[PDB]
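First up is the structure itself, then whatever we jot down about it.
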Amino acid sequence: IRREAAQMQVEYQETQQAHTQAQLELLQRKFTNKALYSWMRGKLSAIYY
Amino acid sequence: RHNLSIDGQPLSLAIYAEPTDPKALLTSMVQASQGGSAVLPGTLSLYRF
């Protein structure tokens with residue numbers, strides 16, 4: 001029974017690993033992602049100049 | 001004949017060649033070609049500049 005509980009803990013850690021993967025991908029598919037911000041201040045920096 | 005003791009216990013320690021570690025899976029930002037707007041000929045206003 002202890003071995004079963006320890007095995008479920010491994011599955012718990014694997015689930016947590018997949019959860020952070022989904023968070024990171026959602027951050028990249030965001031509308032206000034890194035690419036949008038980079039081009040917006042890039043365009044505005046040239047205009048400000 | 002099968003390299004066992006009188007009691008049936010095996011006489012050779014076995015091996016299994018431990019499975020090769022977990023795996024890392026990553027996601028990436030994807031960009032595509034984007035165009036810009038065009039300009040048409042302008043109307044002539046009734047008011048001064």
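Chain lettering (A, B, ...) mirrors the order of the structure tokens, residue numbering begins at 1 for each chain separately, and ligand numbering begins at 1 in order of display.
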Do you know which residues are at most 9 Å from range 18-26 of chain B counting only C-alpha atoms, after dropping those on the same chain fewer than 3 positions away, and could you put them as a PyMOL selection string?
(chain A and resi 21+25) or (chain B and resi 15)
Using only C-alpha atoms and a distance of at most 9 Å, pull out the residues of chain A that contact chain B, as an mmCIF file with N, CA, C and O atoms, in the first residue's frame.
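Once written, result_8.cif looks like this:
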```cif
data_model
loop_
_atom_site.group_PDB
_atom_site.id
_atom_site.type_symbol
_atom_site.label_atom_id
_atom_site.label_comp_id
_atom_site.auth_asym_id
_atom_site.auth_seq_id
_atom_site.Cartn_x
_atom_site.Cartn_y
_atom_site.Cartn_z
ATOM 1 N N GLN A 21 4.333 23.108 -18.328
ATOM 2 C CA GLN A 21 4.467 23.147 -19.782
ATOM 3 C C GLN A 21 3.277 23.849 -20.425
ATOM 4 O O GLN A 21 3.446 24.658 -21.344
ATOM 5 N N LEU A 24 3.486 27.629 -19.874
ATOM 6 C CA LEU A 24 4.482 28.292 -20.707
ATOM 7 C C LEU A 24 4.007 28.415 -22.151
ATOM 8 O O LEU A 24 4.237 29.445 -22.797
ATOM 9 N N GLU A 25 3.352 27.376 -22.678
ATOM 10 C CA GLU A 25 2.817 27.459 -24.035
ATOM 11 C C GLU A 25 1.698 28.489 -24.132
ATOM 12 O O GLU A 25 1.613 29.228 -25.119
ATOM 13 N N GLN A 28 3.003 31.823 -24.648
ATOM 14 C CA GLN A 28 3.508 32.071 -25.992
ATOM 15 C C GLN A 28 2.398 32.247 -27.020
ATOM 16 O O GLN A 28 2.580 32.988 -27.993
ATOM 17 N N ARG A 29 1.257 31.589 -26.834
ATOM 18 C CA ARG A 29 0.107 31.764 -27.711
ATOM 19 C C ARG A 29 -0.751 32.954 -27.306
ATOM 20 O O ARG A 29 -1.760 33.229 -27.963
ATOM 21 N N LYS A 34 5.455 37.919 -26.356
ATOM 22 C CA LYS A 34 6.739 38.606 -26.457
ATOM 23 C C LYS A 34 6.905 39.299 -27.805
ATOM 24 O O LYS A 34 7.428 40.417 -27.875
ATOM 25 N N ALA A 35 6.472 38.650 -28.889
ATOM 26 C CA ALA A 35 6.662 39.225 -30.218
ATOM 27 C C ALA A 35 5.874 40.518 -30.389
ATOM 28 O O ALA A 35 6.377 41.483 -30.973
#
```
